[PDB]
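Read through the structure below, which is laid out as structure tokens, and then see the notes.
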Amino acid sequence: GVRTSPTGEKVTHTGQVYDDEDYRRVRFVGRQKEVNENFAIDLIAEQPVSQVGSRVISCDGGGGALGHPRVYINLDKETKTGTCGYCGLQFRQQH
Amino acid sequence: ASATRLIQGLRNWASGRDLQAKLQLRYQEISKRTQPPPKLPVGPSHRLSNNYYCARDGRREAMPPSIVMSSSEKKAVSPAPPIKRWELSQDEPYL
Amino acid sequence: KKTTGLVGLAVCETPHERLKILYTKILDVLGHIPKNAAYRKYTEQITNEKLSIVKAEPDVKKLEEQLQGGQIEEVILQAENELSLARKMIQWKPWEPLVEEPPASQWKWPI
Amino acid sequence: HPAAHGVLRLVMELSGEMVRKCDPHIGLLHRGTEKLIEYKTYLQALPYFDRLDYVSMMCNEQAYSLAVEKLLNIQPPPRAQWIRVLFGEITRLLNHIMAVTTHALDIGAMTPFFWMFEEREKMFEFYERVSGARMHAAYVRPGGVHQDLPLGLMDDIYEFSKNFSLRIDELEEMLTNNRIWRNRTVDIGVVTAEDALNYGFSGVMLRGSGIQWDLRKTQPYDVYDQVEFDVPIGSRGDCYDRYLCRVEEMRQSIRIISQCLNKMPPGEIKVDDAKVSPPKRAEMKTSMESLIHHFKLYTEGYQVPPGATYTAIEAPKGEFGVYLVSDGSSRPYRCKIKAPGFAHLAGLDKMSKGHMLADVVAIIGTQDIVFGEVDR
Amino acid sequence: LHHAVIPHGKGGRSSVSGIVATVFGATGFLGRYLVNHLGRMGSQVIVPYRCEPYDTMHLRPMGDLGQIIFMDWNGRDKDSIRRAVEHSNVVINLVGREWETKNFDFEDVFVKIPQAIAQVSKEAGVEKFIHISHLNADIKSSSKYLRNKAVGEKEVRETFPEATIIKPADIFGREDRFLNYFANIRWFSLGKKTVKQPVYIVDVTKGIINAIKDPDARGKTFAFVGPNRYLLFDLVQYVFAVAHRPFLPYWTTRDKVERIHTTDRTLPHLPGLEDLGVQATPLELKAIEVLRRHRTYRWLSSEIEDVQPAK
Amino acid sequence: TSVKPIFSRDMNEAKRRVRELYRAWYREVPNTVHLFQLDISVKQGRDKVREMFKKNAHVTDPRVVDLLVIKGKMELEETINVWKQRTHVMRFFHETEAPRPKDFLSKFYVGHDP
Amino acid sequence: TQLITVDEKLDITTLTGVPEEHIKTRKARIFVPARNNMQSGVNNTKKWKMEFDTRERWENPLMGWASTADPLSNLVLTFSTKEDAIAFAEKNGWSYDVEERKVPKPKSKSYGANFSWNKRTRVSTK
Amino acid sequence: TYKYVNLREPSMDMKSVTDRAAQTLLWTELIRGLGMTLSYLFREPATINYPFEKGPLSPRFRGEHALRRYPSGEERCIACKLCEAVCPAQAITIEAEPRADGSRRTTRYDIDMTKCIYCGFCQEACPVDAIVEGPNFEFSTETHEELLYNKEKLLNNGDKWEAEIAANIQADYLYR
Amino acid sequence: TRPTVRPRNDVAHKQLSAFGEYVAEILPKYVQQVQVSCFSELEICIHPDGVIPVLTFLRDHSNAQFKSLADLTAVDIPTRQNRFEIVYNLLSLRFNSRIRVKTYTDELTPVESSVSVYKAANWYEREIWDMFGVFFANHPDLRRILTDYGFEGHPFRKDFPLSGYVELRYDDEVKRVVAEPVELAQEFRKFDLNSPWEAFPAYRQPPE
Amino acid sequence: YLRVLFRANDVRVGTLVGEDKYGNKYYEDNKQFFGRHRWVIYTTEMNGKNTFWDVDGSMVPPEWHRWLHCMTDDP
Ligand SMILES: NC(=O)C1=CN([C@@H]2O[C@H](COP(=O)(O)OP(=O)(O)OC[C@H]3O[C@@H](n4cnc5c(N)ncnc54)[C@H](OP(=O)(O)O)[C@@H]3O)[C@@H](O)[C@H]2O)C=CC1
Ligand code: SF4
Ligand code: SF4
Ligand SMILES: [Zn+2]
């Protein structure tokens with residue numbers, strides 16, 4: 001979900017959007033400023049935060065070397081759902 | 001293959017090489033792609049309990065250059081044995 | 001013979017006697033060299049030993065066999081070249097002491 | 001100009017269609033490889049030796065990786081050695097057939113160009129299926145062959161062997177007792193053996209005139225002790241006879257490929273040392289040491305003992321020399337290339353003393369100068 | 001001002017200058033050399049072309065990587081000119097065809113074009129608008145061409161009053177119009193007494209780029225005259241003497257012959273070359289440059305064979 | 001520190017060689033400007049020649065003066081031959097400015113620099 | 001062969017053909033780089049680096065890249081001594097500044113000095 | 001072992017010398033050369049028909065420089081700069097920032113398709129297989145500006161196909 | 001030991017040891033260092049006053065033939081009193097041998113132009129003239145090969161930078177190619193790739 | 001027949017392997033050699049370019065692009 005820029009154009013997923021005194025606006029003449037609709041923030045939040053009732057779990061991301069290498073993350077705190085650094089997703093525990 | 005036989009006769013009558021049998025129009029000789037995948041063997045490594053890297057340390061066995069002189073004699077040596085003269089061929093030499 | 005194995009090269013009809021007078025001129029020019037240089041010792045040793053290889057061999061192909069560095073005319077040309085360096089080594093006196101020092105910390109590599 | 005094979009300035013100061021002087025002003029293809037390999041590391045500057053020569057795409061890689069491994073005291077496991085020998089002969093086959101082809105283009109002879117370039121398209125298909133490259137397979141790391149040959153490939157090599165034996169018999173059918181090509185080129189480029197030594201020629205020239213010398217048969221830089229072949233010798237010299245020497249090196253290359261397919265052991269790919277070659281993927285995902293060696297190996301490059309070394313291979317040109325000078329570092333301090341193409345370019349004056357300009361064309365086209373390698 | 005308009009480093013080949021130019025025309029002669037000095041100066045050059053893309057490919061390799069940019073326009077719309085001057089530091093008006101077509105007269109080019117672009121430029125908030133014109137524009141008769149340029153100067157001083165109107169005299173250059181018209185006389189020549197003062201094109205565009213980078217340029221119209229001021233018949237003698245073609249003196253409108261037989265007068269009411277501070281080069285060495293075409297291997301190489309006085 | 005020489009034993013033969021090279025470059029310029037079909041007066045060429053000689057005025061070592069003489073004689077070899085082109089001989093001229101100033105003030109407005 | 005020899009230093013600053021702005025204005029610095037602080041180990045000592053000064057690097061307007069008007073800023077020269085560093089700087093011609101090779105100061109330490117009775121050095125946690 | 005060439009001589013028999021004379025007269029093996037060429041004439045040719053019949057390839061071929069992502073997940077690159085550290089002509093410009101969560105990312109990930117040389121070293125170095133060579137080789141650009149890929153160009157290029165790249169890696173992951 | 005480690009030889013090692021001592025005995029005027037690496041290729045380290053005597057001795061004398069030549073690249077090394085290293089690489093034909101002749105030199109002192117004894121040396125010598133600038137006295141032909149004509153500066157030195165000073169482009173102002181000072185569009189980010197922690201313990205020079 | 005006549009050269013319909021969204025057709029013959037196994041037929045007005053003429057590469061969908069470069073044996 002892209003936002004609205006003041007110049008009648010599209011913003012990007014990183015907030016680098018233009019100003020009202022820009023020359024690159026006039027290098028955007030008659031051609032698309034390309035942008036991806038797919039946003040990295042707006043897909044991770046639409047994942048179910050999984051719950052594994054052990055203490056420290058693995059993460060690979062699925063598949064054997066078809067994903068990120070192993071990481072063993074801790075699930076002790078309940079104030080923060082435990083987050084893999086590579087998978088980009090969270091976890092919890094149950095008891 | 002699948003050509004008229006009189007023009008094939010004109011081919012082998014144009015040159016006596018039996019052009020039909022090895023014709024360099026390979027039809028289905030290459031095997032089926034997406035084969036059964038290989039389980040790659042590993043040779044003299046990860047056999048346990050004696051893979052001390054000190055043994056096979058080809059990096060730490062480089063030696064600095066040994067020196068001779070600076071700034072009753074069975075002698076006048078050559079750098080090498082004088083190299084033996086070769087031998088003629090077997091399968092159709094000339095002569 | 002016929003068909004020497006090289007391009008710009010063709011043997012003469014008398015290998016033996018040309019080879020002998022070559023090695024005797026080598027002994028001569030080496031005789032003009034002063035005694036103290038062991039260069040004289042090594043050259044005289046290997047040249048008289050190769051001559052002694054030549055002395056007892058009235059067979060062309062057998063002398064090609066026993067003497068190293070075949071076949072035949074490469075030895076002749078190589079001996080001509082040795083006469084050329086002997087004529088050069090009347091000059092240059094290569095048994096004299098060294099010319100002056102290196103910078104004494106040069107040939108250490110890793111810098 | 002197309003007879004100027006590649007790019008080659010030739011100031012010919014002639015008397016009219018029967019010359020006086022030839023001047024090979026080369027340097028137009030000068031790129032700066034030696035300066036660039038000063039400012040890089042080994043694993044990074046390997047594609048400059050992909051891209052230095054541009055026909056023998058694998059043997060010069062073999063030369064560079066052998067220079068590093070002769071510096072580094074590592075012997076790779078023998079399956080990598082036999083695959084290296086295999087691609088050495090296949091790439092040598094490709095280079096000799098392009099030499100015959102471009103000399104045919106210079107002399108006229110428009111069709112064996114097309115025939116043998118269909119064969120060379122099959123060769124590039126082999127490189128495609130091996131490394132995912134059309135013309136520049138890196139594929140030979142210091143540490144051996146990387147990412148080994150896939151399933152169902154030796155079928156293709158076997159079928160190519162049979163059909164190519166037939167096709168090279170058909171090239172001998174086409175040319176070679178053609179009256180017009182023979183009596184076109186007989187007595188041009190005579191090279192005496194004394195001059196062949198002191199003018200620094202190497203390889204195909206020294207085979208092609210007189211002396212019986214072979215880098216493969218006299219210096220095993222690989223597993224060439226167990227293979228059995230025989231190198232042809234030119235004895236006239238007479239450039240026609242040099243051409244015959246190239247044809248018989250091609251068919252002997254087919255023989256070496258036959259022995260190599262007989263004697264392929266299924267051992268391994270890379271060396272048993274993760275401090276030299278990067279490990280494979282399952283280790284890369286699980287083991288800690290594999291990840292550390294992977295990461296530091298692709299950042300810094302492995303450290304190298306100091307040394308001013310040299311080696312040479314039997315390129316399809318000849319004595320291809322590589323001279324490394326290595327600081328105790330991960331960076332080569334100065335590499336250097338001795339090109340047999342450059343050496344063969346040196347004697348162009350004595351090859352063209354007493355002839356006309358069509359002979360100049362046939363002499364430039366008759367020795368496999370490429371000038372991507374002649375420049376250094 | 002917005003950032004990345006500020007200058008940076010040694011000028012030339014991607015040094016960001018303080019100017020973003022919008023050049024009308026530029027397919028022909030003067031605009032091409034102006035774009036050449038801007039690309040050496042290292043600016044960003046918006047140029048419209050209303051033509052086949054081959055001339056815009058021709059001026060492609062002049063600027064650096066992506067420093068130039070192209071668009072399409074016409075003398076009939078307003079969206080294209082407005083989209084041209086959406087983001088423009090400086091804007092110059094070079095337009096004008098030497099001959100009338102069947103659709104665009106000498107009327108309505110210098111009336112419909114500079115009013116429209118001047119109005120949308122003043123309403124677009126540009127700075128340093130520079131309009132070119134010719135010398136000796138009279139309101140009176142004997143030149144449809146020069147009276148239309150006079151009305152053009154009147155309109156451009158009328159609207160957006162702090163503009164800069166620049167007139168040179170006739171210009172000679174590496175692909176000159178008028179000496180390459182003196183090419184065509186060789187297959188056939190007219191001689192009358194009239195003074196004339198040409199000026200070489202690259203010091204013209206040097207004065208243009210200094211005046212476009214330097215304020216005090218607005219309001220005051222400028223006149224660019226070379227140091228020559230000599231007679232027509234001496235120019236004809238000089239050009240056929242440099243060309244070494246033998247002569248006997250006696251794509252063309254009659255407006256052409258009216259231009260080259262009008263006059264060339266002076267105006268000390270306004271500054272010029274060295275009062276702006278740019279060097280002026282004489283005729284002769286640039287004539288040896290531009291007459292290489294006509295010689296054909298007889299006296300092809302010569303330098304100092306002939307000198308012709310001014311007055 | 002007796003360095004082996006190049007040609008001379010003192011600077012007098014070096015002065016003789018460099019004035020002989022200047023004689024050669026004097027007589028060789030109009031041949032080139034007549035031959036490469038340039039657009040430059042002869043006197044401008046000769047004056048930039050002597051300017052390029054006066055550029056190296058402070059040189060005092062005899063080996064170095066000999067090496068400059070060898071450089072100049074190699075380029076006069078390349079200009080008695082036509083092995084060079086129009087681009088190189090115009091590249092010896094400095095005509096496409098490059099009008100870069102020398103004052104402090106202009107280097108201050110166009111700055112980040114001394 | 002027994003020439004001039006006399007106190008006249010070398011003047012390659014007209015041979016090597018580098019232009020005069022880069023000859024005169026460039027002020028070199030000869031120094032020893034200290035240990036990379038976040039790492040440890042001083043194997044990256046023992047090498048006299050000659051560096052040049054740094055000049056402007058601007059935003060490439062098309063990519064935001066780092067584009068410079070410097071030919072020379074990528075240089076670094078590895079020497080072994082200080083005398084030969086000074087010699088090369090005087091020989092090639094350009095300006096130069098020198099900084100010392102500041103060694104570590106060797107201190108005496110002991111685990112038996114960590115533990116005591118009446119000396120206040122006491123980590124109280126090992 | 002050696003096998004040298006042109007140890008031959010003209011045999012002095014009468015049938016031999018008259019056959020060499022007949023070959024001198026009629027150019028007989030010249031006609032044999034004509035016959036060999038006609039034997040390749042009636043041979044069926046082997047071309048392809050380009051817009052319709054494309055030529056073959058390999059599963060390990062090197063193409064596009066595209067990027068993947070997780071199953072319904074983030075951008076797989078983690079800004080570890082190994083691709084630049086192996087990039088031989090330094091065509092990988094990486095400027096990194098972490099995003100608004102705490103997880104680490106990029107800002108600018110530019111590949112210079114001009115300065116690239118298509119090693120595959122950034123395939124072999126990328127720790128998560130985030131940058132992958134594509135299959136297709138059709139760039140063919142009328143400007144010089146439009147061969148400098150930015151990040152969103154690369155990700156829209158990698159979202160033009162993944163099942164392609166998933167198929168090639170899935171059939172090729174065990175080898176490398 | 002047996003796998004992954006290149007087995008060193010001893011026959012050629014001892015032979016080249018004896019041969020180096022042989023040459024050192026027989027030319028005491030022009031021998032400073034004889035050295036053998038672990039992989040046994042001979043190096044002879046030479047004052048540049050007996051270059052022509054050593055080459056005339058090594059091509060001849062029939063105890064070592066040494067017909068074939070390979071290049072002499074004077075690898076550019078600062079910090080030494082004499083900078084450059086002329087590196088002959090002699091390759092014999094009757095013996096299967098490799099010796100190297102490293103003679104040293106510096107920036108102005110000429111060496112004696114080995115073209116007269118090896119005809120192959122001519123273009124290699126012109127290459128090292130054009131790329132480094134070691135002038136060769138007693139030489140027939142010294143042109144510039146593998147550079148531009150109007151270019152100078154001897155670019156393989158460590159003093160010449162990675163990108164050149166000059167840069168060619170076209171302009172229509174004079175309708176030709178002109179030269180300009182260099183402007184790069186990207187910095188060429190140099191990488192610090194020098195690890196600490198004593199990468200090889202055997203090669204420590206004696207510290208000050 | 002006029003379409004396939006002025007398409008390029010072929011008449012070899014008779015295998016009829018598959019078709020895909022964008023409408024385009026994919027044929028694969030057994031009888032020809034290595035190089036004329038498979039081919040494509042481009043449908044017209046797939047993006048309204050009057051693409052009967054001037055057909056481009058990469059009008060193919062990517063799954064058939066992997067199929068048509070002969071990396072697998074099945075559609
Ligand atoms: N001494 C003086 O002061 C004189 C000055 N000049 C000026 O010198 C400059 C260069 O001369 P010159 O080469 O002849 O001129 P131009 O090349 O500038 O010609 C005018 C330009 O505008 C375009 N153009 C012309 N008429 C129209 C129109 N009706 N609609 C749309 N576009 C149009 C042309 O397009 P295209 O060519 O692509 O079709 C051309 O590129 C001009 O600006 C001219 O006014 C001229 C004469 C004397
Ligand atoms: S190697 Fe891969 S994960 Fe690392 S920075 Fe490059 S693209 Fe990103
Ligand atoms: S393939 Fe291209 S982008 Fe990747 S490392 Fe090589 S040059 Fe760099
Ligand atoms: Zn994870």
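In the structure tokens, each chain is lettered A, B, ... as it comes, each chain's residues begin at 1, and ligands are numbered from 1 in order of appearance.
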> Please, which residues of chain A lie no more than 12 Å from chain H when the count uses only C-alpha atoms, and can they be set out as a ChimeraX atom specification?
Replying inline: /A:11-16,27,31-48,60-70,83-90
Please give me, as a compact mmCIF listing (two decimals) with N, CA and C atoms, in the first residue's frame, the residues lying within 8 Å of ligand 3 when counting only C-alpha atoms and all ligand atoms.
```txt
# COMPACT_ATOMS: atom_id res chain seq x y z
N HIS H 65 20.44 -10.90 -12.65
CA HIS H 65 20.63 -10.29 -11.33
C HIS H 65 19.29 -9.83 -10.73
N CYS H 83 28.44 -9.52 -1.37
CA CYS H 83 28.36 -9.38 -2.81
C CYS H 83 29.27 -8.27 -3.31
N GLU H 84 29.34 -7.15 -2.60
CA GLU H 84 30.29 -6.13 -3.02
C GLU H 84 31.72 -6.58 -2.75
N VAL H 86 32.98 -9.47 -3.02
CA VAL H 86 33.47 -10.29 -4.12
C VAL H 86 33.26 -9.64 -5.46
N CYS H 87 32.63 -8.48 -5.54
CA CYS H 87 32.28 -7.93 -6.84
C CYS H 87 33.51 -7.37 -7.53
N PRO H 88 33.91 -7.91 -8.65
CA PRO H 88 35.25 -7.65 -9.15
C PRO H 88 35.38 -6.29 -9.80
N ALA H 89 34.32 -5.80 -10.43
CA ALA H 89 34.35 -4.44 -10.92
C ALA H 89 33.57 -3.49 -10.04
N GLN H 90 33.30 -3.89 -8.80
CA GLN H 90 32.66 -3.07 -7.76
C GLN H 90 31.33 -2.50 -8.21
N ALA H 91 30.57 -3.29 -8.93
CA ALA H 91 29.31 -2.81 -9.45
C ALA H 91 28.17 -2.96 -8.46
N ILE H 92 28.46 -3.23 -7.20
CA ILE H 92 27.44 -3.39 -6.18
C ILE H 92 27.55 -2.22 -5.22
N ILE H 111 22.93 -2.29 -8.75
CA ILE H 111 23.82 -3.11 -9.55
C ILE H 111 24.09 -2.36 -10.83
N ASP H 112 25.35 -2.20 -11.18
CA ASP H 112 25.69 -1.58 -12.45
C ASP H 112 25.74 -2.67 -13.50
N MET H 113 24.69 -2.77 -14.31
CA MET H 113 24.64 -3.81 -15.33
C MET H 113 25.68 -3.58 -16.41
N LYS H 115 28.90 -2.24 -15.61
CA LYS H 115 30.13 -2.68 -14.98
C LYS H 115 30.11 -4.12 -14.50
N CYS H 116 28.96 -4.76 -14.46
CA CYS H 116 28.93 -6.18 -14.12
C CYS H 116 29.57 -7.01 -15.22
N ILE H 117 29.98 -8.22 -14.83
CA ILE H 117 30.67 -9.13 -15.75
C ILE H 117 30.09 -10.53 -15.69
N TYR H 118 29.11 -10.76 -14.82
CA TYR H 118 28.32 -11.99 -14.75
C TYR H 118 29.21 -13.18 -14.39
N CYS H 119 29.93 -13.01 -13.27
CA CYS H 119 30.70 -14.11 -12.71
C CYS H 119 29.79 -15.22 -12.25
N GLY H 120 28.86 -14.86 -11.39
CA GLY H 120 28.26 -15.79 -10.47
C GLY H 120 28.87 -15.75 -9.09
N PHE H 121 29.86 -14.88 -8.85
CA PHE H 121 30.43 -14.84 -7.52
C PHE H 121 29.46 -14.25 -6.52
N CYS H 122 28.59 -13.34 -6.95
CA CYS H 122 27.56 -12.91 -6.03
C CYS H 122 26.43 -13.92 -5.92
N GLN H 123 26.37 -14.92 -6.79
CA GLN H 123 25.53 -16.06 -6.47
C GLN H 123 26.19 -16.94 -5.42
```
> as a VMD selection string, which residues of chain A does DSSP assign to strand (DSSP E)?
Replying inline: chain A and resid 50 to 51 56 to 57 73 to 74 82 to 83 90 to 92
> Which of these, E:256, E:157, E:244, E:192, has the shortest distance to ligand 1 once you count only C-alpha atoms and all ligand atoms?
Replying inline: E:256
> Near residue 62 in chain B, within 12 Å and counting only C-alpha atoms, which residues show up once chain neighbours fewer than 4 positions away are dropped, as a list in words?
Replying inline: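 The residues satisfying every condition are residues 57, 58 and 66 of chain B; 69, 70, 71, 72, 73, 74, 304, 305, 306, 307 and 328 of chain D; 5, 6, 7, 8, 37, 38, 39, 200, 201, 202 and 203 of chain I.
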Selection above as a file: N, CA, C and O atoms, as a CSV table (one decimal), in the first residue's frame:
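Resulting contents of again-v7.csv:
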```csv
chain,number,residue,atom,x,y,z
B,57,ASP,N,48.6,-29.1,7.0
B,57,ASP,CA,48.7,-27.6,7.0
B,57,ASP,C,49.7,-27.2,5.9
B,57,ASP,O,50.9,-26.9,6.1
B,58,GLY,N,49.2,-27.3,4.6
B,58,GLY,CA,50.0,-26.9,3.5
B,58,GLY,C,50.3,-25.4,3.4
B,58,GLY,O,51.2,-25.0,2.7
B,66,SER,N,66.3,-21.1,0.9
B,66,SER,CA,67.7,-21.4,1.4
B,66,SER,C,68.7,-20.8,0.5
B,66,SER,O,68.5,-20.7,-0.7
D,69,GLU,N,48.7,-22.9,-6.7
D,69,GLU,CA,48.8,-24.1,-5.9
D,69,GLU,C,50.2,-24.6,-5.9
D,69,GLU,O,50.6,-25.4,-4.9
D,70,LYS,N,51.1,-24.3,-6.9
D,70,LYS,CA,52.5,-24.6,-6.8
D,70,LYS,C,53.1,-23.6,-5.8
D,70,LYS,O,54.2,-24.0,-5.2
D,71,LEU,N,52.6,-22.5,-5.6
D,71,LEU,CA,53.0,-21.6,-4.6
D,71,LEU,C,52.6,-22.1,-3.2
D,71,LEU,O,53.3,-21.9,-2.2
D,72,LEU,N,51.4,-22.7,-3.1
D,72,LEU,CA,50.7,-22.8,-1.9
D,72,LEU,C,50.9,-24.2,-1.2
D,72,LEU,O,50.4,-24.5,-0.1
D,73,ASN,N,51.5,-25.2,-2.0
D,73,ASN,CA,51.7,-26.6,-1.5
D,73,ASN,C,50.4,-27.3,-1.2
D,73,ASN,O,50.1,-27.7,-0.1
D,74,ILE,N,49.6,-27.4,-2.3
D,74,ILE,CA,48.3,-28.1,-2.2
D,74,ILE,C,48.2,-29.0,-3.5
D,74,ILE,O,48.4,-28.6,-4.6
D,304,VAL,N,48.6,-15.8,1.9
D,304,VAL,CA,49.4,-16.5,0.9
D,304,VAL,C,50.9,-16.3,1.4
D,304,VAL,O,51.2,-15.2,1.8
D,305,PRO,N,51.7,-17.4,1.4
D,305,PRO,CA,53.1,-17.2,1.8
D,305,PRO,C,53.8,-16.4,0.7
D,305,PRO,O,53.4,-16.4,-0.4
D,306,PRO,N,54.9,-15.7,1.1
D,306,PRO,CA,55.6,-14.8,0.1
D,306,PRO,C,56.4,-15.7,-0.8
D,306,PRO,O,56.8,-16.8,-0.5
D,307,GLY,N,56.6,-15.2,-2.0
D,307,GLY,CA,57.4,-15.9,-3.0
D,307,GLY,C,57.3,-15.4,-4.4
D,307,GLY,O,56.3,-14.8,-4.8
D,328,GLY,N,53.6,-11.5,1.4
D,328,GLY,CA,52.9,-12.2,2.4
D,328,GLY,C,51.7,-11.4,2.7
D,328,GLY,O,51.7,-10.4,3.5
I,5,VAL,N,48.5,-32.1,0.2
I,5,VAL,CA,49.7,-31.4,0.4
I,5,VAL,C,50.6,-31.8,-0.7
I,5,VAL,O,50.9,-33.0,-0.9
I,6,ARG,N,51.1,-30.9,-1.5
I,6,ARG,CA,51.9,-31.1,-2.7
I,6,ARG,C,53.3,-31.7,-2.2
I,6,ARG,O,54.0,-31.1,-1.5
I,7,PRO,N,53.6,-32.9,-2.6
I,7,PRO,CA,54.8,-33.6,-2.2
I,7,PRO,C,56.1,-33.0,-2.8
I,7,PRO,O,56.2,-32.9,-4.0
I,8,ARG,N,56.9,-32.5,-1.9
I,8,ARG,CA,58.1,-31.8,-2.5
I,8,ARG,C,59.1,-32.8,-3.0
I,8,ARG,O,59.1,-34.0,-2.5
I,37,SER,N,64.1,-22.2,-3.5
I,37,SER,CA,62.8,-22.2,-2.7
I,37,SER,C,62.5,-23.7,-2.4
I,37,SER,O,63.3,-24.6,-2.7
I,38,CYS,N,61.4,-23.9,-1.8
I,38,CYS,CA,61.0,-25.3,-1.4
I,38,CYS,C,60.6,-26.1,-2.6
I,38,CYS,O,60.8,-27.3,-2.7
I,39,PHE,N,60.1,-25.5,-3.7
I,39,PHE,CA,59.7,-26.1,-4.9
I,39,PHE,C,60.7,-26.1,-6.0
I,39,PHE,O,60.5,-26.4,-7.1
I,200,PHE,N,51.9,-15.8,9.1
I,200,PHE,CA,52.9,-16.9,8.9
I,200,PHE,C,54.0,-16.7,9.8
I,200,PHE,O,54.7,-15.7,9.8
I,201,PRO,N,54.3,-17.6,10.8
I,201,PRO,CA,55.3,-17.4,11.8
I,201,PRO,C,56.7,-17.6,11.3
I,201,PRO,O,57.6,-17.0,11.9
I,202,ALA,N,56.9,-18.3,10.2
I,202,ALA,CA,58.3,-18.6,9.7
I,202,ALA,C,58.9,-17.4,9.1
I,202,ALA,O,60.2,-17.3,9.0
I,203,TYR,N,58.2,-16.4,8.6
I,203,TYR,CA,58.7,-15.3,7.8
I,203,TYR,C,58.8,-14.0,8.5
I,203,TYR,O,58.5,-13.0,8.0
```
>> Could you list, as a ChimeraX atom specification, all residues that come within 8 Å of ligand 1? Count only C-alpha atoms and all ligand atoms.
In response: /E:24-31,49-52,55,73-75,93-98,103-105,109,132-135,167-171,177
Write out the residues from the selection above, keeping C-alpha atoms, as a short mmCIF file (atom, residue, chain, number, x, y, z; two decimals), in the first residue's frame.
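Heads up, here's the output in out_9.cif:
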```
data_model
loop_
_atom_site.label_atom_id
_atom_site.label_comp_id
_atom_site.auth_asym_id
_atom_site.auth_seq_id
_atom_site.Cartn_x
_atom_site.Cartn_y
_atom_site.Cartn_z
CA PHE E 24 14.68 25.78 -27.33
CA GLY E 25 15.68 24.55 -30.77
CA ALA E 26 19.27 23.18 -30.51
CA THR E 27 18.84 20.78 -33.45
CA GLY E 28 20.61 23.20 -35.75
CA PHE E 29 23.76 25.20 -35.28
CA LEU E 30 23.91 27.70 -32.45
CA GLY E 31 21.99 25.60 -29.97
CA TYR E 49 12.85 18.44 -30.19
CA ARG E 50 9.88 18.47 -32.53
CA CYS E 51 11.67 16.35 -35.09
CA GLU E 52 13.00 12.95 -36.07
CA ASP E 55 19.31 14.75 -34.56
CA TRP E 73 6.92 19.95 -28.28
CA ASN E 74 5.27 22.03 -30.97
CA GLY E 75 4.24 25.55 -31.80
CA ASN E 93 14.81 30.99 -26.78
CA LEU E 94 16.56 29.97 -29.96
CA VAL E 95 14.07 29.36 -32.73
CA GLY E 96 13.68 30.62 -36.27
CA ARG E 97 13.77 29.10 -39.72
CA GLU E 98 15.45 30.85 -42.62
CA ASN E 103 2.21 26.22 -42.76
CA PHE E 104 4.46 28.51 -40.69
CA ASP E 105 5.18 31.98 -42.04
CA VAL E 109 6.67 32.36 -35.49
CA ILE E 132 18.23 35.67 -29.12
CA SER E 133 17.61 37.90 -32.13
CA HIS E 134 19.45 39.51 -35.02
CA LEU E 135 21.13 42.88 -35.36
CA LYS E 167 21.60 40.21 -30.82
CA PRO E 168 24.75 39.30 -32.66
CA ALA E 169 25.55 40.27 -36.21
CA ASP E 170 25.87 37.51 -38.81
CA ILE E 171 27.80 34.54 -37.44
CA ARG E 177 25.06 29.06 -42.94
#
```
